[PDB]
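Chemist: Got an experimental structure here, sequence first:
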Amino acid sequence: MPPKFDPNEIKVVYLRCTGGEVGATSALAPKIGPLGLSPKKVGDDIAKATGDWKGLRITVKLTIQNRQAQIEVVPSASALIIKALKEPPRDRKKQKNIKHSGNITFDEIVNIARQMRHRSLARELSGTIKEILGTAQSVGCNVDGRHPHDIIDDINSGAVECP
Amino acid sequence: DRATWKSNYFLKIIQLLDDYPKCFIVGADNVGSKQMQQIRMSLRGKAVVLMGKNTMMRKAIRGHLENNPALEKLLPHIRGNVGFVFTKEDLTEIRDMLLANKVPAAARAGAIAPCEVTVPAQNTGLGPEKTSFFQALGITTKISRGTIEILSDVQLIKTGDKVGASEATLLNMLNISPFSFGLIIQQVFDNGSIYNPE
Amino acid sequence: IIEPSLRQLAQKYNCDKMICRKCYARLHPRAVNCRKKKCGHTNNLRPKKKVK
Amino acid sequence: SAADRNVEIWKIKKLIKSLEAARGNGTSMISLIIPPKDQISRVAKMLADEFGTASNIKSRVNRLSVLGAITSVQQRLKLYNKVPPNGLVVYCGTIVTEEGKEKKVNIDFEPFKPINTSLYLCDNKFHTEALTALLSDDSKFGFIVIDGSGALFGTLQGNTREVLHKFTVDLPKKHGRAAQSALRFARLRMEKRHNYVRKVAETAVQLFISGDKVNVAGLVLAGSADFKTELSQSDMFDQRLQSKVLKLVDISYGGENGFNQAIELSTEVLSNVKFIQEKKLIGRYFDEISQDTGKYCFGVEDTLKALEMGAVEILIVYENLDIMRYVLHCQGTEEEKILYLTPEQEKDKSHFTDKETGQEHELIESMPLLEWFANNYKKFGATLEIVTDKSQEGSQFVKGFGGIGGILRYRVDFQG
RNA sequence: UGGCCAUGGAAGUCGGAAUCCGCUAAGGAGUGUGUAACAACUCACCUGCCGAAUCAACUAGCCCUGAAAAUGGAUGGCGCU
């Protein structure tokens, strides 16, 4: 890849975001795509197949190019997984009003969200991670009909289970 | 706020003095937040890093609190850009862990040179670009087919020498980072006894 | 074309200033108020526009 | 609403596509258009004598068809009681289609724009040359007929001639028969005469502007008496409005009768204008080529690749391409793709065997490109600009570059 | 943390509903500058030199800015600080 056209190994990674479905406006390939042998329409269809049936409400796409075979993965963003565990699925075109119902409980489901965090956060274990994701919810509004803010301070759960 | 926060930090530093009888005084220096995040991750479990000011000038009050002397010896060494490392493992081992961590950080234009910096004979990694920046001071550089190659191993900056601006920028373009350090140790506190990196 | 430190020297003296909104007086960049009595020490200042 | 209007245009375009195709063996088809002002009775009578005539048609299959259509177009007109505004467009007949299926049809509708183009025909086919010529010419032009007597403000489509607003004035007498007062009365006359102009120049803003942007692509001023000029070159007439002063036309007559005169003396300029704007746009396209820049594109492959991605700003297309998007499909594996084929490459092509598997890759029917853009240019990057091969810059675009490309929103490198 | 809405692109930065937690010494779901979009730059909390007072918003008195006309010109004049 430096001088002319040579794949020594090629396990090259670059981080695209978004991908419910194909996208006409795309912006998937160019620039990085064609130079490096990854095409455009085929790479888009492979990106659709990976991020197909969940997530359809926005995702992320790390693209590991094995010379010509692209490996699309869905690395979790906190907000994205909360929207995945909402009241699905009215995907696109009404829709419309809008995507912010945000009364879907998730109590022990968020335990899974904090566990799957790629370490990160420089935390002192889950006790603080609970607060982190327990706020990241812009939409969800926490348990049944609660607020986020100060209910977080009196957590009585999952301190030793998340490691 | 900032009265309750000031009193709350007093309660942090006093608790970190009660918990650990052993501390390590490190200079912050030209240091990033990213560097401080890295040093928090590596020395996460055992040690607790802290960064105070002249509410560190308050170790007096801990010594007042119906117990400690010896902390009176530590007050003069809380000058410069100071940050503590509270811990319970050992002294000479932690000194080696602090020395081993560090970070590169590119050239500071104007500041002193700690070691004899060199420029190895190698391509820059560019097209037909300005060779005049390199050749202005006194470096042998040719355009050997596109890439600007330096043709000899030459020492630009010696020990205790002031780093010029143009030579610093060329080193930054080449990705040569001997300058800076990361953080330095000034003094030590070990269960009452004081040490100076020995 | 022109050496970058020297440029910035010469920029200081020409381009890096504040200009009074009233009397278009050229003022040192630290300025909060105009010099000029004709404008009555306006305080409506602005930064001289930069060449692109 | 704008979206509902775009749907009604698409509806009518699709209706035209079908009516141009239709055809019927033997038979004739009532082309018909009843302009806004008309009395429908007048149309009923016309039809009734057209009926009576048709009953002496010698051919049977033609005769009985025409009589049938005229019987049925009368019944459509019975359901309206005044002529709908914006005209009426009826299209009877006995169209033939596949399966050997002789079918009667009676399409009437008020067309969305007003139109000023009557027409009646029996012939083997339907005639929709009027209708296409009212979708093509959007270009609304504003007219203002100043005169000493009075004013007239009015809009104008290809054929259609609207009257927005008007007034007249009692301006003063030319002369003051005292020696001293002569001078004062003159100065005073100048003030009321100017004031009238001030009023016109405001009213034109009030009428021909909408949301801080003029709704008319020109603004023809007309009249006599060195007045239209007094407006034209004043500080009172708003500069965004006065930017689009397109003509000062010296007309005889004034007011409404003044209007038509002002249009016939304007005809030449309103044609040139549509070409002038075209020349200007493509001129910029070429500027980006002339300088290195990078923000242009050309040839479907590149252009659509630019559109798909971080899109184009403006997409320029010669109003008829031949070039056509086909949807290719496999028999066994169900693998599919789409391609943009030229008139020669689309008609006959041995390329379309599947090769890897080894089957005949069948090409399921096309959707012609310019129309493809028109459908879905909005789902990209926008401003679909139809162009022509009349200007020298126009032809160079059509001939050389292929009548397809677009000005891009930023610099892009292309490869292969 | 490409946070949500917005895809025409807004990962703090045309707009708008939001607007919390972690690490925190401390950094706003972000003042700007700049971006197609980023990047890059810029704007709290704390230190070192430093070393006792210092800053903001209003308000009103005199003075000034606001303040342009035609014979040469009038706090009555000279003049007056």
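Modeler: Perfect, I can see it now. Residues are numbered from 1 along each chain as shown, chains lettered A, B, ... in the order given.
Chemist: Now do the helices in chain A.
Modeler: Under the criterion DSSP state H, chain A contains helices at A:41-50, A:78-84, A:109-115, A:126-136.
Chemist: One more: chain B?
Modeler: B:4-19, B:33-42, B:59-64, B:92-101, B:132-135, B:165-174.
Chemist: Deepest-packed of the ones you listed, please.
Modeler: Among those, ranked by average contacts under mean count of other C-beta atoms under 10 Å in any protein chain shown, first place goes to helix B:165-174 (a mean of 17). Every residue, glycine included, has its C-beta placed from N, CA and C.
Chemist: That one and RNA strand E, are they touching?
Modeler: No: shown here: helix B:165-174 not in contact with RNA strand E (C-beta under 7 Å from any atom of the strand), separated by at least 12.1 Å.
Chemist: Give the other helices and strands that that helix contacts.
Modeler: strand B:117-119, helix B:132-135, strand B:154-157 (3 or more C-beta pairs under 8 Å, 6 or more residues apart in numbering or on different chains; DSSP states H and E).
Chemist: can you put those in a markdown table and add distance to chain A?
Modeler: As requested, the helices and strands packed on helix B:165-174 are exported to a markdown table (distance: least, C-beta to the nearest C-beta, whole Å):
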| stretch | distance to chain A |
| --- | --- |
| strand B:117-119 | 23 |
| helix B:132-135 | 22 |
| strand B:154-157 | 27 |
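Chemist: Throw those into CSV and include distance to residue C:8, thanks.
Modeler: Below are the helices and strands packed on helix B:165-174 laid out as CSV (distance: least, C-beta to C-beta, whole Å):
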stretch, distance to residue C:8
strand B:117-119, 26
helix B:132-135, 17
strand B:154-157, 24
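Chemist: Can you check which of the ones you listed gets nearest to RNA strand E?
Modeler: helix B:132-135 (19.1 Å; C-beta to the nearest atom of the strand).
Chemist: Kindly reformat the helices of chain B as a markdown table containing distance to residue A:59.
Modeler: Below are those laid out as a markdown table (distance: least, C-beta to C-beta, whole Å):
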| stretch | distance to residue A:59 |
| --- | --- |
| helix B:4-19 | 41 |
| helix B:33-42 | 27 |
| helix B:59-64 | 53 |
| helix B:92-101 | 37 |
| helix B:132-135 | 46 |
| helix B:165-174 | 38 |
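Chemist: The helices and strands packed on helix B:165-174: which one's closest to residue D:14?
Modeler: Distance to residue D:14, taken as C-beta to C-beta, is lowest for helix B:132-135 among those, at 66.0 Å.
Chemist: just how off-centre is the closest one within its chain?
Modeler: Going by C-alpha atoms, centre = their mean, to the nearest Å, the spacing between the C-alpha centre of helix B:132-135 and its chain's C-alpha centre is 31 Å.
Chemist: List of residues touching it?
Modeler: B:141, B:148, B:150, B:166, B:169, B:170 (C-beta atoms under 8 Å, 6 or more residues apart in numbering or on different chains).
Chemist: Closest one of those to residue D:62?
Modeler: For these, the nearest to residue D:62 is residue B:148 (87.6 Å; C-beta to C-beta).
Chemist: quick revisit: nearest to residue D:139, out of the helices and strands packed on helix B:165-174?
Modeler: helix B:132-135 (58.6 Å).
Chemist: contacting residues for residue A:67?
Modeler: Residue A:67 touches A:7, A:10, A:37, counting by C-beta under 8 Å, 6+ apart.
Chemist: how close does the spatially closest residue to the second one that is not a sequence neighbour get to residue A:12?
Modeler: Put plainly, it is residue A:10. Closest residue to residue A:10 apart from its sequence neighbours, by C-beta to C-beta, 6 or more residues apart in numbering or on different chains: residue A:67 at 4.5 Å. Computed as C-beta to C-beta, to the nearest Å, the residue A:67 to residue A:12 distance reads 9 Å.
Chemist: Can you tell me the closest non-neighbouring residue to the residue nearest in space to the middle of chain A?
Modeler: With distances taken as C-alpha atoms, centre = their mean, the residue of chain A nearest its centroid is residue A:76 (3.4 Å). Distance criterion C-beta to C-beta, 6+ apart; nearest residue to residue A:76, sequence neighbours excluded, is residue A:116 at 5.9 Å.
Chemist: How much space separates the one you found from residue A:75?
Modeler: For residue A:116, the distance to residue A:75 equals 10 Å [C-beta to C-beta].
Chemist: do the same with residue D:355
Modeler: 38 Å.
Chemist: And these two? Which one has more around it.
Modeler: residue A:75 (13 against 9; other C-beta atoms under 10 Å in any protein chain shown).
Chemist: unless I'm mixing things up, that one is touching residue A:55, no?
Modeler: No: the pair residue A:75 / residue A:55 is not scored as a contact, 11.0 Å apart, by C-beta atoms under 8 Å.
Chemist: what's in contact with stretch D:359-378?
Modeler: By C-beta under 8 Å, 6+ apart, stretch D:359-378 touches A:24, D:300, D:315, D:317-333, D:340-341, D:346, D:352-354, D:383-384, D:386.
Chemist: Give me the residue at the spatial middle of chain C.
Modeler: Nearest to the mean C-alpha position of chain C, by C-alpha atoms, centre = their mean, lies residue C:17 at 2.0 Å.
Chemist: Can you tell me the closest non-neighbouring residue to that residue?
Modeler: Per C-beta to C-beta, 6+ apart, closest to residue C:17 is residue C:48, 4.7 Å.
Chemist: what about the one you found, how many residues close to it?
Modeler: 16.
Chemist: got the residues of chain A near RNA strand E?
Modeler: Neighbours of RNA strand E within chain A, by C-beta under 7 Å from any atom of the strand: A:15, A:17-18, A:23, A:25, A:27, A:57-58, A:60, A:76-80, A:83, A:96, A:98-100, A:121-124, A:128, A:131-132, A:135-136, A:138-139, A:148-150, A:152.
Chemist: Filter those residues down to just the buried residues.
Modeler: Buried members of these, counted by 16 or more other C-beta atoms under 10 Å in any protein chain shown: A:57-58, A:60, A:76, A:78, A:80, A:83, A:123, A:131-132, A:136, A:148, A:152.
Chemist: from these, which is closest to residue D:68?
Modeler: Closest to residue D:68, out of all of those and judged by C-beta to C-beta, is residue A:57, at 57.1 Å.
Chemist: Now do the contacts for the closest one.
Modeler: A:20, A:80, A:83, A:84, A:86, A:88, A:91, A:99 are the contacts of residue A:57 under C-beta under 8 Å, 6+ apart.
Chemist: Also residue D:404?
Modeler: Residue D:404 touches D:298, D:299, D:300, D:303, D:316, D:317, D:318, D:321, D:323, counting by C-beta under 8 Å, 6+ apart.
Chemist: Make a markdown table out of those residues and add distance to chain A.
Modeler: Below are the contacts of residue D:404 laid out as a markdown table (distance: C-beta to the nearest C-beta, whole Å):
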| residue | distance to chain A |
| --- | --- |
| D:298 | 17 |
| D:299 | 16 |
| D:300 | 14 |
| D:303 | 13 |
| D:316 | 19 |
| D:317 | 18 |
| D:318 | 23 |
| D:321 | 20 |
| D:323 | 19 |
